[PDB]
């Protein structure tokens, strides 16, 4: 998914009490690509930290170079000298919100325990084009554990202090990045969104496995939730926000 919400006001105490908190946790969150969202990440020090990170992992090195080359072509044809290396270096990187191919070379370097993180979520959205009207944008279907929107966790992967050009106007920056795994949609999600659904952790034992177990073990919790795990809490229009 590329849109979700986090509305649990009291969770830190029971889910991340042993985590080093150093941020001002907002009461509610409506996350969109490249925005700052709350996450509990592991540290190379073997510790945990509750911080804010930019939603969007680094793009594959070839996906980026392809953009730099395409730019170089409209520069050469335009009659302008350029540096292929400097182009790639400055090439904007929107970020990758979801990691679907676990065997993709690009992702293999960030599967160690030090790059694991828990992404708190109370409800997430999925495009619902089967409900869009003629003169209107694609609406969404919101999914949750229950009507009370019980807290859940996305299986996250973070990359601390990554230097790149997130937004052309801001230039080169060093940001903490994060993202989470996606998988095949189950019988509840597929009818609405056939592309995929997010990997969700419902219990503590599951969160511990993800935050402590070696990849060869943790990668296995990357599977769709049972068919009755979730609920369709609502169908809201494009743009609907809780904040």
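Residue numbers count along the first chain shown, from 1.
Higher mean CA temperature factor between 104-112 and 161-169: 161-169, per the PDB entry.
Higher mean CA B-factor, judged across 179-187 and 58-66 from the recorded values: 58-66.
Across 84, 148, 152, 96, the entry's maximum B-factor at the CA atom is seen for 84.
The PDB entry gives the largest Cα B-factor of the residues 135, 120, 139, 156 to 135.
Residue 3: CA B factor lies in the lowest third for its chain, per the PDB record. The deposited CA B-factor of residue 198 belongs to the lowest third of values across its chain. Sort the modelled residues of the chain by CA B factor and residue 232 lands in the lowest third. When the CA B factors of the chain's modelled residues are split into thirds, the value for residue 12 lands in the highest one. Placement of the Cα temperature factor of residue 23 within the chain: highest third of the modelled residues, per the deposited record.
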